[PDB]
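J.: Input: one structure, supplied below.
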Amino acid sequence: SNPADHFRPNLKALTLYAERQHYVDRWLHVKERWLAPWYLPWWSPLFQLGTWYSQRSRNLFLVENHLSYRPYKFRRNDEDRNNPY
Amino acid sequence: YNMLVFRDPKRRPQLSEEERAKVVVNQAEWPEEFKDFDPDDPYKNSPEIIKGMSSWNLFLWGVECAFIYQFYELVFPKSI
Amino acid sequence: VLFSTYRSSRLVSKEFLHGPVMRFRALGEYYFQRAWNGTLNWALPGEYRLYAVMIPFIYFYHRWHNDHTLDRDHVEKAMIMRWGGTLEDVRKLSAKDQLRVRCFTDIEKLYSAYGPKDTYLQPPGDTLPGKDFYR
Amino acid sequence: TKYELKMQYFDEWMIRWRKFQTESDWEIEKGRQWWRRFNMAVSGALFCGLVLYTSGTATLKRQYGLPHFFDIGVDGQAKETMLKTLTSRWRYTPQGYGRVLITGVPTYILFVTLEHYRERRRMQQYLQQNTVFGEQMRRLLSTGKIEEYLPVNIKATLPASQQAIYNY
Amino acid sequence: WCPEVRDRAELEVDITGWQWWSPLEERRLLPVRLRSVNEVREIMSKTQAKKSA
Amino acid sequence: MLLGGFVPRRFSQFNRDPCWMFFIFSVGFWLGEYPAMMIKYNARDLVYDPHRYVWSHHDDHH
Amino acid sequence: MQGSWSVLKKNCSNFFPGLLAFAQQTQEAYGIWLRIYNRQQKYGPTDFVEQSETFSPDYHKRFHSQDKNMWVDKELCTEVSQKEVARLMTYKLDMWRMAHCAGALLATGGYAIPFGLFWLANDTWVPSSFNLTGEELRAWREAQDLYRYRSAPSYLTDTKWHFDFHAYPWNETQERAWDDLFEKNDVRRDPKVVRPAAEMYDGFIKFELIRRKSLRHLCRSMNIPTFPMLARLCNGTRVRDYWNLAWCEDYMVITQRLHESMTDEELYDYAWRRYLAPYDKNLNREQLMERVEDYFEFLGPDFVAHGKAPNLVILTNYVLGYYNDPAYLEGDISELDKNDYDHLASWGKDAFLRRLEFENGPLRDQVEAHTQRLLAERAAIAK
Amino acid sequence: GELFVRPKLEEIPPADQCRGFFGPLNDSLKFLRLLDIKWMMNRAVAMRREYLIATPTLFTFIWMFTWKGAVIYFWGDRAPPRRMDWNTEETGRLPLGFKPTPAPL
Amino acid sequence: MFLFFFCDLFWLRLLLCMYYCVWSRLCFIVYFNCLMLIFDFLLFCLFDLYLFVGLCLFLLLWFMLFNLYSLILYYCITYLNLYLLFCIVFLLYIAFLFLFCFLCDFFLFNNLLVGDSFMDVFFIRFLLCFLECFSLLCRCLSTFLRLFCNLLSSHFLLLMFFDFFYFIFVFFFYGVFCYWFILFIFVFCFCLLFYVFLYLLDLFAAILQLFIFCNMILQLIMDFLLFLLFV
Amino acid sequence: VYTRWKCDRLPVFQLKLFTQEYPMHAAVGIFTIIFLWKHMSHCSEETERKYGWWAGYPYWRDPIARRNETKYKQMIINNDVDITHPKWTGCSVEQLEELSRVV
Ligand SMILES: CCCCCCCCCCCCCCCCCC(=O)OC[C@H](COP(=O)([O-])OCC(O)COP(=O)([O-])OC[C@@H](COC(=O)CCCCCCCCCCCCCCCCC)OC(=O)CCCCCCCCCCCCCCCCC)OC(=O)CCCCCCCCCCCCCCCCC
Ligand SMILES: CCCCCCCCCCCCCCCCCC(=O)OC[C@H](COP(=O)([O-])OCC(O)COP(=O)([O-])OC[C@@H](COC(=O)CCCCCCCCCCCCCCCCC)OC(=O)CCCCCCCCCCCCCCCCC)OC(=O)CCCCCCCCCCCCCCCCC
Ligand SMILES: CCCCCCCCCCCCCCCCCC(=O)OC[C@H](COP(=O)([O-])OCC(O)COP(=O)([O-])OC[C@@H](COC(=O)CCCCCCCCCCCCCCCCC)OC(=O)CCCCCCCCCCCCCCCCC)OC(=O)CCCCCCCCCCCCCCCCC
Ligand SMILES: CCCCCCCCCCCCCCCCCC(=O)OC[C@H](COP(=O)([O-])OCC(O)COP(=O)([O-])OC[C@@H](COC(=O)CCCCCCCCCCCCCCCCC)OC(=O)CCCCCCCCCCCCCCCCC)OC(=O)CCCCCCCCCCCCCCCCC
Ligand SMILES: CCCCCCCCCCCCCCCCCC(=O)OC[C@H](COP(=O)([O-])OCC(O)COP(=O)([O-])OC[C@@H](COC(=O)CCCCCCCCCCCCCCCCC)OC(=O)CCCCCCCCCCCCCCCCC)OC(=O)CCCCCCCCCCCCCCCCC
Ligand SMILES: CCCCCCCCCCCCCCCCCC(=O)OC[C@H](COP(=O)([O-])OCC[N+](C)(C)C)OC(=O)CCCCCCCCCCCCCCCCC
Ligand SMILES: CCCCCCCCCCCCCCCCCC(=O)OC[C@H](COP(=O)([O-])OCC[N+](C)(C)C)OC(=O)CCCCCCCCCCCCCCCCC
């Protein structure tokens, strides 16, 4: 135990936390702001690169019909194997 | 010779025995630092960096610093 | 047109800070630019004195950091947990008492896996406080 | 019109509030998936056709000539038929950047156009829905903002065993 | 003050020619040296004979 | 690569080069910190913490 | 060349006239290309028309074969004149750069405008049509020559280093040819001496086996846009087309001796399109004729006899050798009287440096003798 | 290892010589060549087109080692439970008396 | 979660800036074989076979600045994590593999089908091909696992031995003044011998492990290289 | 003569190095970075308590609770959230007042 503790980074300075929802929403707002202007047509490769893959992935998530339960990604406690909630 | 893993470099001879035997050694031209030069102890007459500062003095200086490092809190303890 | 892609577009004069730079280069070159200073993949030099100087310095500053920043956390945790479970409780002690506690922590560190196990295992019949003392 | 910028927020909200996904919305998404696969298939077919048409004569002769891997007889007949059909008339056979453009730009345009108009179709479908997702879509297009916790505000339907929270 | 060597070395490294040994070119150029007077006489005689022929 | 440099023949020559002067100072620190620990941590008046059984790292990591 | 505000003003002023001129040139060049393409398809060899496949022996990757996928139309003079071919070549260069810019515009929508500002500020990648006066054209040609100077040495060094590191010539004549091929432009290379290098390199790397990095260097040296490079068979196709047109024009000129009747400016342009005559060299007609005749001699009798040019890699190296200027040397020789390590003088010599000076100085023989005698005495005493 | 030279048209053995799982699929059994994987493998080896066997394998491994492995690990559907929580199809519908906003017009 | 931390190379970066503002020759390289792939003259490769030299040199420098200096007490190997090493090896190995695969030459994989035509294709050759394709990925995994495990085991052993030496030196040196001094002197001499032996072993093992780390990557590259003969 | 390493500035050389010298390696690295920040950028509170603290989690002050309290107070104050709304409490305001009077 004590010997194992010697293999840690020794210059940790600061830790910041952010919810996935929050920064995903902020990123989407940035993307909408930069892809909104008229001088970037929807058929341009840049616009499709920005939008199509995200749309496809979100559609795949929505279509999902799984017989098992996937525990919430951001639970308070994910260390207990016998408690998915 | 060696000091731990540090080995003293040695110059390879370049003269043959015949040519070498004809060389006349005149130590009067040599610098005072290197007279009676010995490959096994070339720095015996080398000057000290600081006059009067012995190697033992520096070793003892380090020992005293270690003692201070370990004993200062015994005399001037501080609260958490 | 705004910024040049070539390193030849100078931003300062050739003589800017010439003196300090030359002193810095003199410091760098005196011991390193030598025939016997042949490095192994730029990391291990051939000059002995570079080892003799840099190994102690690296150890010294690493040890200072470890003693004053890293192990201090464990020491403070032991002091807090063994003497009230709160920082104010520890501060209620005197500096001498804290010194004693910290030096006992050092003892435990030096024993580690080879010292006596009565330093943390309470023998049966011992009269000293147990784990439920502050609970 | 750029429907993706409006729809990304809606899709993220639906994922976050997927509990209220009716079977109709699920069918809508499955149809979107099917149409995406269909668009991929037709675009790939167009790309293959353009590649084959612009292929060099020697390339076609090597590809659709002897030997035959199976040598059943139908294989040789089909290969000879295709080779004759391609080599009968004159074909513009560019190389390099030109073949890249000819083979790719039509494919990209077709795929992008189909996908964009299917996205518009999905937006209309969700607009016509009589579920909480449809109401959220209409509110999004009206106010321009996604109203989270809408299902619990307007008290969207819940299973009979979970209506206690609405009991106020 | 030896620009040709500088330019060649820099260019070779910039085009992924890291190696600093050229055994084949050395093999081509290693035995090159200015000739002796007698060798010059022989070569001049050969050239004169060739021109006469 | 350990190719060359000043190499003192014996202890007394460590003072013939500044780098080896620093080295011998550091060696003094290294070797002299052990006697200090012997004196400090084997002292007669050193007392174990009375509350050493209240908490230990062993129960924490377990 | 670096961007400048004056060039930006020049290109912004002449933007729309330049576009109109480019469109007119596009119509004319399409007509010329249509004539050439019809003639190629009708009278070309079966391999050339059918685009026969030539694969590499190691990874079986297709690339253009100089013998089969290139064809010199000896009877093109009937349908297309020399000037029309030159016009088509110039338009091909301009069209390539314009096409890349248009592709960037279409790809990035309106976000390419600032990059367009960077583009118009430099004459490196603008079409020749943007210059409406002689001075503007001269500056544009200077920019092209600067890019050629920047790019050619890397190509030459790549070729030479790879061959010299992995192979050697077979015989003395090949050795001389290889050595003289890569001489700087300040000396005149004899094409007869240098020609055997073509066959020697044909043994090593034909045009069908040219590597992608070497191709990138070559296209940089030819003022061909390289971004996006993509597969090597795109810019390779561009190179093949350009040099096929050049060889057709060369056959026309050699057969009809047009260069003798060609005027000074047209002759200079003809050499420049072959990468033989930089404009900054201020060459006269004698020098231009000498270089053109050397180029024709390098092509060799077999070019006229059968339309077969030497190896294209070696040909490109030979012609681009005219942009391999001597390495610059500026500064009076008196500068060699200074010292470089005066800043270390204050440090003096430590014990080890003093020992090294003592042992390897003028007294080195005496020290060696004394040391060896002492060691011998000690060894004798030990025994 | 060494350079690979494609066989000439005359060096390729006839299809009838190839063997399947049990035996050659000669006349009256030619159409079974499409279904017999071992016959196709032997034919590919005979024609020196061994890549048809090797390329699909390696790529598949890469596809699993790179992209599908993590997808299955993080987003795959585990085995269903014994007592299954099916959907009653009651959630989502708007409540009675609710006035939905008008659609765009 | 975003953790802000720093590597343990800042002093070494300072030394690099100080000592390499001027040029110096390099004549000793841990993995020299990346520079000499071809040993028979007149052989040449159209593939960019010297592309690995720069990455090899930088990787050697980085791993040496970390691993070799980690022998100094309290020096931290900041990157010592299993999955981080997996990421590094994944980058290098998969990048080169994708370089060979993007070549779109399927014949390059002909050698994967092990054996000759005599061997049964389905029951022998195809199973060997399966095993070899598996072995490529296993080579990647083994490379990163071997680099991680060596460092971890060596440093664990060093820490434990140092702890034992501190214990006996501090709490049993008084025996020098006692009648059992000979036992303590024997133990102390044994500990010094063990100390020197461990340090030498670690110094050798670090360099050797870097050599093998680069050798695995170069072996991946060499397995797919084809050399033409000059004529 | 022109060389990328000697003539170009550092950002330009960086782009050239990772676009015309090691483009595949850069692509794979970016791929791996995206994967790491998509699947290995989360830590639960229990995980932080078990492993997130150098000497162990200081339960005697519970910094995680204080951090969350600051977070939620900031969100409530900035977003003007009515935490007494029935959806948060599950009961009407009048029932809440009745409960307050009871307890
Ligand atoms: C050149 C490169 C070389 C170097 C390689 C280097 C790398 C190593 C190689 C290995 C790869 C390493 C991995 C690196 C990471 C790369 C990314 C990655 O892995 O992403 C996977 C990732 C996996 O998805 P996911 O994110 O995990 O989500 C899973 C969901 O399934 C996602 O759902 P979705 O909604 O996105 O839809 C996906 C859909 C994708 O598919 C579709 O959308 C539909 C189909 C598309 C077809 C595309 C065109 C094909 C050609 C058309 C026809 C041409 C000829 C025309 C003329 C004909 C004349 C007669 O797939 C499916 O869902 C499966 C549907 C299957 C239906 C089967 C129905 C049964 C009947 C048909 C099969 C059985 C027939 C039996 C016949 C028997 C006869 C006897 O993405 C995908 O695979 C899907 C999106 C991309 C699709 C691209 C489609 C084109 C593919 C290329 C085809 C052509 C080239 C191949 C042949 C070459 C021959 C020379
Ligand atoms: C923001 C936009 C995002 C875009 C995303 C899309 C990707 C990027 C787009 C394009 C980017 C620009 C650059 C592309 C590469 C340029 C390459 C190049 O320089 O080529 C020069 C070359 C010109 O040189 P050339 O001398 O004229 O001819 C080449 C020589 O023959 C050369 O002679 P050779 O001796 O080298 O001969 C060999 C040559 C022979 O090939 C050729 O050169 C012929 C042309 C290619 C034919 C490919 C089709 C083969 C047959 C497919 C059959 C599929 C059946 C499936 C049926 C399914 C039924 C259920 O190559 C091959 O043999 C390679 C064959 C391909 C193997 C593919 C293996 C894939 C393995 C898949 C692994 C698993 C994947 C994941 C799992 C999926 C499933 C779950 O160009 C071409 O030949 C054609 C270039 C086409 C460029 C791509 C066009 C892109 C269109 C995009 C439409 C979709 C957009 C979607 C947007 C989404 C929203 C944003
Ligand atoms: C609106 C949707 C947009 C979609 C998104 C697009 C995104 C941008 C990508 C680039 C798009 C093209 C940009 C315009 C290029 C200019 C036109 C052109 O081809 O110039 C000829 C020229 C041909 O080059 P080459 O090397 O000589 O070609 C060798 C051939 O052997 C040459 O053959 P040859 O030796 O036998 O000689 C023939 C020559 C003989 O002609 C002449 O000598 C006369 C001159 C003719 C060409 C004139 C070009 C002028 C360019 C400048 C235009 C003015 C710009 C003004 C700018 C300022 C405006 C204010 O005539 C040609 O050049 C014909 C070439 C073949 C035609 C290519 C066009 C195919 C696409 C268009 C049809 C699409 C239909 C859609 C249907 C939809 C169905 C569903 O093109 C280029 O320089 C290549 C483009 C360079 C940039 C490449 C960038 C990467 C491309 C990747 C594309 C992958 C697929 C798409 C998906 C991408 C996703 C990532
Ligand atoms: C109205 C006009 C007419 C209509 C339009 C017509 C069409 C126009 C478009 C087409 C034009 C084409 C021709 C363009 C030529 C010029 C190109 C160029 O740039 O030349 C260099 C150009 C100068 O050229 P030059 O002086 O003429 O020299 C040319 C020589 O021949 C030297 O030449 P060289 O060859 O040596 O230079 C080449 C160099 C070109 O590059 C450069 O020179 C770099 C330029 C940037 C340097 C920046 C240095 C300064 C950094 C400052 C940082 C910040 C400082 C602090 C600021 C504090 C502010 C408060 O390197 C490259 O070529 C590298 C290319 C790299 C390509 C990257 C591709 C990535 C692909 C990704 C992977 C995908 C894989 C597939 C995945 C598929 C998955 C499915 O550079 C500049 O002028 C530098 C400008 C710097 C601007 C300020 C710094 C950035 C400001 C950013 C503001 C952001 C605001 C928003 C922030 C929002 C935050 C939320
Ligand atoms: C809220 C609290 C504040 C924090 C906010 C943070 C916001 C975060 C947003 C969300 C981000 C999410 C993702 C995070 C992922 C993190 C991953 C990570 O850390 O990986 C480990 C990894 C460790 O890398 P490494 O191996 O240690 O090497 C990186 C080192 O920087 C060393 O590498 P290198 O040496 O190769 O670097 C090149 C180096 C080459 O060497 C040098 O240039 C030497 C200098 C090195 C400086 C950098 C090292 C920093 C050392 C520690 C701090 C120094 C003291 C600071 C004092 C603070 C006092 C409070 O050059 C530079 O560093 C260029 C900058 C030079 C600045 C010089 C300034 C001179 C000013 C002079 C003024 C004079 C005024 C006179 C007025 C007179 C009036 C009369 O970190 C990174 O790779 C970088 C991560 C950065 C991610 C982006 C973060 C966003 C930007 C935040 C900027 C905040 C600015 C405001 C702060 C204000 C004070 C409170
Ligand atoms: C190419 C091969 C290189 C081999 C080099 C061999 C070096 C030989 C060193 C001999 C002993 C040195 C003793 C130093 C003592 C320092 C002071 C001290 O107290 O330290 C005690 C420390 C630790 O001793 P400790 O563990 O007894 O400490 C006790 C402290 N308590 C009780 C609190 C725990 O000693 C060391 O850690 C020294 C180990 C050295 C191992 C060799 C490292 C080589 C790699 C780094 C090379 C750096 C070169 C940089 C050059 C510039 C580069 C650009
Ligand atoms: C305590 C527990 C310990 C567990 C330890 C487990 C091991 C962890 C090891 C971590 C370190 C090593 C990581 C090595 C790298 C692994 C890579 C990996 O598997 O990542 C896969 C993952 C898969 O991504 P994904 O997980 O988002 O997959 C989406 C699939 N659905 C939507 C169905 C859920 O890749 C990424 O995360 C990067 C994705 C973005 C970059 C690629 C985009 C292009 C995709 C092309 C195909 C599809 C689009 C169509 C074509 C393009 C059109 C423009």
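Ligands are numbered from 1 in the order shown, chains are lettered A, B, ... in the order of the structure tokens, and residues start at 1 in each chain.
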Please, which residues have at least one atom within 6 Å of an atom of ligand 1, using only C-alpha atoms and all ligand atoms, listed as a count of residues only?

T.: 17

J.: Hey, which residues come within 7 Å of ligand 2 if we count only C-alpha atoms and all ligand atoms? Could you give them as a PyMOL selection string?

T.: (chain A and resi 45-46+48-49+52-53) or (chain D and resi 48+51+94-97+99-100+103-105+107-108+111-112) or (chain G and resi 55+60-62+230-234) or (chain H and resi 59+63) or (chain I and resi 104-105)

J.: Can I get the selection written as a short mmCIF file (atom, residue, chain, number, x, y, z; two decimals), in the first residue's frame, with C-alpha atoms?

T.:
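Done, and the output landed in part27.cif:
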```
data_model
loop_
_atom_site.label_atom_id
_atom_site.label_comp_id
_atom_site.auth_asym_id
_atom_site.auth_seq_id
_atom_site.Cartn_x
_atom_site.Cartn_y
_atom_site.Cartn_z
CA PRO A 45 -18.50 20.32 -46.67
CA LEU A 46 -17.69 22.36 -43.56
CA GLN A 48 -21.91 18.83 -43.07
CA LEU A 49 -18.69 17.96 -41.26
CA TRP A 52 -23.95 15.20 -39.93
CA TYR A 53 -21.90 12.93 -37.67
CA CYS D 48 -19.58 2.78 -58.15
CA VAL D 51 -16.06 4.85 -61.12
CA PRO D 94 -10.09 11.11 -66.74
CA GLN D 95 -7.31 10.46 -64.25
CA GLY D 96 -6.07 12.19 -61.13
CA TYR D 97 -7.94 15.15 -59.69
CA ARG D 99 -11.65 11.49 -61.75
CA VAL D 100 -11.76 12.42 -58.06
CA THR D 103 -16.72 10.44 -58.95
CA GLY D 104 -17.05 12.32 -55.67
CA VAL D 105 -18.86 15.62 -56.17
CA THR D 107 -21.99 11.46 -54.72
CA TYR D 108 -21.44 14.10 -52.04
CA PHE D 111 -26.00 12.22 -50.16
CA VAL D 112 -26.05 15.69 -48.60
CA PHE G 55 2.27 -1.40 -61.73
CA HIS G 60 1.81 -3.07 -57.38
CA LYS G 61 0.65 0.55 -57.45
CA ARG G 62 -0.32 1.97 -60.83
CA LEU G 230 -3.86 13.51 -52.22
CA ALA G 231 -2.72 10.41 -54.09
CA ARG G 232 0.50 10.70 -56.07
CA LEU G 233 -1.35 9.86 -59.30
CA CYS G 234 -3.08 13.26 -59.45
CA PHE H 59 -8.79 -5.76 -41.39
CA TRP H 63 -11.78 -3.10 -36.92
CA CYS I 104 -4.19 -0.22 -50.69
CA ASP I 105 -1.86 -3.07 -51.73
#
```

J.: Specify as a ChimeraX atom specification all residues of chain B found within 10 Å of chain F, counting only C-alpha atoms.

T.: /B:1-10,40-71,74

J.: Could you please take those selected residues and save C-alpha atoms as a PDB file, in the first residue's frame?

T.:
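File written: result_17.pdb
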```pdb
ATOM      1  CA  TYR B   1      42.660   4.995 -11.373  1.00  0.00           C
ATOM      2  CA  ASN B   2      38.997   5.182 -10.373  1.00  0.00           C
ATOM      3  CA  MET B   3      36.788   7.172  -8.019  1.00  0.00           C
ATOM      4  CA  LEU B   4      33.637   5.034  -7.828  1.00  0.00           C
ATOM      5  CA  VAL B   5      32.617   4.682 -11.515  1.00  0.00           C
ATOM      6  CA  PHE B   6      34.663   7.686 -12.697  1.00  0.00           C
ATOM      7  CA  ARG B   7      37.893   6.512 -14.337  1.00  0.00           C
ATOM      8  CA  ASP B   8      40.830   8.809 -15.006  1.00  0.00           C
ATOM      9  CA  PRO B   9      41.583   9.042 -18.749  1.00  0.00           C
ATOM     10  CA  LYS B  10      45.066   8.047 -19.878  1.00  0.00           C
ATOM     11  CA  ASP B  40      48.703   7.839 -10.750  1.00  0.00           C
ATOM     12  CA  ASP B  41      48.387  11.219  -8.993  1.00  0.00           C
ATOM     13  CA  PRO B  42      48.524  14.090 -11.509  1.00  0.00           C
ATOM     14  CA  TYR B  43      46.750  16.605  -9.240  1.00  0.00           C
ATOM     15  CA  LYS B  44      48.849  16.183  -6.090  1.00  0.00           C
ATOM     16  CA  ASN B  45      50.391  19.649  -6.495  1.00  0.00           C
ATOM     17  CA  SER B  46      47.308  21.263  -8.020  1.00  0.00           C
ATOM     18  CA  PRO B  47      46.250  24.456  -6.211  1.00  0.00           C
ATOM     19  CA  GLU B  48      43.185  24.613  -4.008  1.00  0.00           C
ATOM     20  CA  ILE B  49      40.174  26.523  -5.299  1.00  0.00           C
ATOM     21  CA  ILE B  50      39.851  28.315  -1.950  1.00  0.00           C
ATOM     22  CA  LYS B  51      42.958  28.675   0.186  1.00  0.00           C
ATOM     23  CA  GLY B  52      42.546  26.841   3.477  1.00  0.00           C
ATOM     24  CA  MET B  53      39.319  25.073   2.458  1.00  0.00           C
ATOM     25  CA  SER B  54      39.974  21.358   2.893  1.00  0.00           C
ATOM     26  CA  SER B  55      37.838  18.528   1.569  1.00  0.00           C
ATOM     27  CA  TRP B  56      37.184  17.433   5.148  1.00  0.00           C
ATOM     28  CA  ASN B  57      35.940  20.942   5.915  1.00  0.00           C
ATOM     29  CA  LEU B  58      33.367  20.734   3.114  1.00  0.00           C
ATOM     30  CA  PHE B  59      32.318  17.233   4.172  1.00  0.00           C
ATOM     31  CA  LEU B  60      31.844  18.526   7.713  1.00  0.00           C
ATOM     32  CA  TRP B  61      29.901  21.510   6.377  1.00  0.00           C
ATOM     33  CA  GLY B  62      27.463  19.108   4.753  1.00  0.00           C
ATOM     34  CA  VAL B  63      27.232  17.034   7.924  1.00  0.00           C
ATOM     35  CA  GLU B  64      26.402  20.163   9.916  1.00  0.00           C
ATOM     36  CA  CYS B  65      23.743  21.166   7.395  1.00  0.00           C
ATOM     37  CA  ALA B  66      22.162  17.725   7.764  1.00  0.00           C
ATOM     38  CA  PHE B  67      22.214  18.017  11.552  1.00  0.00           C
ATOM     39  CA  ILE B  68      20.553  21.429  11.313  1.00  0.00           C
ATOM     40  CA  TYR B  69      17.951  20.024   8.931  1.00  0.00           C
ATOM     41  CA  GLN B  70      17.072  17.283  11.416  1.00  0.00           C
ATOM     42  CA  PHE B  71      17.442  19.199  14.706  1.00  0.00           C
ATOM     43  CA  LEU B  74      13.691  20.270  18.111  1.00  0.00           C
TER      44      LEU B  74
END
```

J.: Return as an mmCIF file with N, CA, C and O atoms, in the first residue's frame the residues belonging to chain A that are within 12 Å of chain C, counting only C-alpha atoms.

T.:
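Contents of the output file result.cif:
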```
data_model
loop_
_atom_site.group_PDB
_atom_site.id
_atom_site.type_symbol
_atom_site.label_atom_id
_atom_site.label_comp_id
_atom_site.auth_asym_id
_atom_site.auth_seq_id
_atom_site.Cartn_x
_atom_site.Cartn_y
_atom_site.Cartn_z
ATOM 1 N N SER A 1 0.827 -1.200 0.000
ATOM 2 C CA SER A 1 0.000 0.000 0.000
ATOM 3 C C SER A 1 0.864 1.254 0.000
ATOM 4 O O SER A 1 0.838 2.037 -0.949
ATOM 5 N N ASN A 2 1.632 1.440 1.073
ATOM 6 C CA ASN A 2 2.520 2.597 1.149
ATOM 7 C C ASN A 2 3.510 2.638 -0.004
ATOM 8 O O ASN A 2 3.668 3.709 -0.617
ATOM 9 N N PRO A 3 4.204 1.551 -0.351
ATOM 10 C CA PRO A 3 5.065 1.603 -1.544
ATOM 11 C C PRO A 3 4.296 1.945 -2.805
ATOM 12 O O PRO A 3 4.812 2.660 -3.673
ATOM 13 N N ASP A 5 1.827 3.909 -3.090
ATOM 14 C CA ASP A 5 1.495 5.326 -3.093
ATOM 15 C C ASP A 5 2.613 6.195 -3.647
ATOM 16 O O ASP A 5 2.386 7.385 -3.888
ATOM 17 N N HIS A 6 3.806 5.641 -3.850
ATOM 18 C CA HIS A 6 4.945 6.415 -4.322
ATOM 19 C C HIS A 6 4.920 6.657 -5.825
ATOM 20 O O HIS A 6 5.782 7.385 -6.331
ATOM 21 N N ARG A 8 2.665 8.232 -7.797
ATOM 22 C CA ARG A 8 1.677 9.226 -8.158
ATOM 23 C C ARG A 8 2.350 10.492 -8.675
ATOM 24 O O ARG A 8 3.464 10.822 -8.258
ATOM 25 N N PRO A 9 1.709 11.220 -9.587
ATOM 26 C CA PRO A 9 2.251 12.521 -9.986
ATOM 27 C C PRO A 9 2.394 13.443 -8.788
ATOM 28 O O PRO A 9 1.529 13.498 -7.914
ATOM 29 N N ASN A 10 3.503 14.176 -8.760
ATOM 30 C CA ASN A 10 3.908 14.945 -7.595
ATOM 31 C C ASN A 10 3.680 16.443 -7.748
ATOM 32 O O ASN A 10 4.069 17.207 -6.860
ATOM 33 N N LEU A 11 3.060 16.882 -8.839
ATOM 34 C CA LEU A 11 2.886 18.303 -9.120
ATOM 35 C C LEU A 11 1.461 18.598 -9.559
ATOM 36 O O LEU A 11 1.216 19.291 -10.547
ATOM 37 N N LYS A 12 0.492 18.068 -8.822
ATOM 38 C CA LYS A 12 -0.904 18.393 -9.066
ATOM 39 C C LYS A 12 -1.214 19.769 -8.492
ATOM 40 O O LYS A 12 -0.910 20.047 -7.328
ATOM 41 N N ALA A 13 -1.820 20.627 -9.307
ATOM 42 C CA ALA A 13 -2.028 22.027 -8.961
ATOM 43 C C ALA A 13 -3.487 22.404 -8.779
ATOM 44 O O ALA A 13 -3.814 23.130 -7.839
#
```

J.: Taking only C-alpha atoms into account, report as a PyMOL selection string which residues of chain C lie within 12 Å of chain J.

T.: chain C and resi 3-10+69-78+80-81+84-89

J.: Name all residues at most 10 Å from residue 78 (chain H) (count only C-alpha atoms; drop same-chain ones fewer than 2 positions away) and give them as a ChimeraX atom specification.

T.: /A:66-70 /H:72-73,75-76,80-81

J.: Write the residues of the selection above to a file with C-alpha atoms, as a short mmCIF file (atom, residue, chain, number, x, y, z; two decimals), in the first residue's frame.

T.:
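Saved file result05.cif follows:
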```
data_model
loop_
_atom_site.label_atom_id
_atom_site.label_comp_id
_atom_site.auth_asym_id
_atom_site.auth_seq_id
_atom_site.Cartn_x
_atom_site.Cartn_y
_atom_site.Cartn_z
CA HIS A 66 -31.86 -2.36 -25.16
CA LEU A 67 -33.24 -5.11 -22.94
CA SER A 68 -30.64 -4.36 -20.24
CA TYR A 69 -30.29 -1.29 -18.05
CA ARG A 70 -27.42 1.16 -18.52
CA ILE H 72 -19.31 -3.11 -27.56
CA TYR H 73 -17.65 -2.47 -24.21
CA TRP H 75 -22.53 0.83 -25.52
CA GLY H 76 -23.30 -2.84 -26.08
CA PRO H 80 -31.43 -9.41 -20.54
CA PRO H 81 -32.62 -10.05 -16.98
#
```
